[PDB]
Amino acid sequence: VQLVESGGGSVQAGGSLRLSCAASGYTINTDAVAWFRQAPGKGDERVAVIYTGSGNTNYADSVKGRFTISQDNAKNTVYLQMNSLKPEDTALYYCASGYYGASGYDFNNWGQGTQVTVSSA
């Protein structure tokens, strides 16, 4: 199963955008899908997770209240809707699917990444 992100681009601060993480297959071993972001000067951050069976969601405090992760199983796609963007949200965003259960979590199927650029003025 291959993951392909889209929806990247450039918007000004206060703006909004939607990323998409489309899966080619439908593995049933995917318990959860995660969005990460990568930017210079800090470690990569897992900003949002959705549990595929229930649609339950977890967010990092940096994006809680501004980002929404959701899923459409018929398209095997997970979305990240980003509102009230700030320049510090600039990053390479990438998704992952993997194991989540009593033993922990293991996001080990990788997308490629798409750039999000939030500009002032």
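The numbering used is simple: start at 1 and walk along the sequence shown.
- Which has higher Cα B-factors on average according to the PDB entry: 44-52 or 25-33? Of 44-52 and 25-33, the stretch with the higher C-alpha B-factor average is 25-33.
- What third of its chain's C-alpha B-factors does residue 120 belong to: lowest, middle or highest? Its C-alpha B-factor, which the entry lists for residue 120, ranks in the highest third among residues of this chain.
- Message: Ranking the modelled residues of this chain by C-alpha B-factor as given in the entry, is residue 70 in the lowest, middle or highest third?
- Response: Lowest third - that is where residue 70 ends up once the chain's C-alpha B-factors are sorted.
- Lowest, middle or highest third - CA B-factor, residue 81: Within its chain, residue 81 is a middle-third residue by C-alpha B-factor, going by the deposited values.
- By the record's CA B-factor, is residue 10 among the lowest, middle or highest third of residues in the chain? It falls in the middle third of the chain.
- Message: Using only modelled residues of the chain, where does the Cα B factor of residue 92 rank: lowest third, middle third or highest third?
- Response: Its C-alpha B-factor belongs to the lowest third of this chain's values.
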